[PDB]
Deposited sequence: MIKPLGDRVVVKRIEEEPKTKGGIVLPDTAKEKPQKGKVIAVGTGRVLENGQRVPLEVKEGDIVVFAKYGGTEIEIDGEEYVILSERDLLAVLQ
């Protein structure tokens, strides 16, 4: 469906709480290695207010966020 690029994730909104519905491939380091995102689909994350980009698709609103904007996972 939605494939976030790089070090990003797609979350359905609910400090902010959102449900991780899609995760990117993560950040690339200078040595070429690709660091995997630290959150998986399903996870409820807390992110910075006003952080990320709002994106409406099929009446559904999501928020694309960068891993660095993800504060914690609520579990």
Numbering the deposited sequence from 1, which residue ranges have no coordinates here?
15-33
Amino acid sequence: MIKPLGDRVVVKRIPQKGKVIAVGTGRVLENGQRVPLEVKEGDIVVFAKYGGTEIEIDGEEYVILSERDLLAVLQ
From here on, numbers count along this sequence of modelled residues.
Between 25-33 and 39-47, which has the higher average C-alpha B-factor in the PDB entry?
25-33
Got a sec? Mean C-alpha B-factor, which is higher, 56-64 or 5-13?
56-64
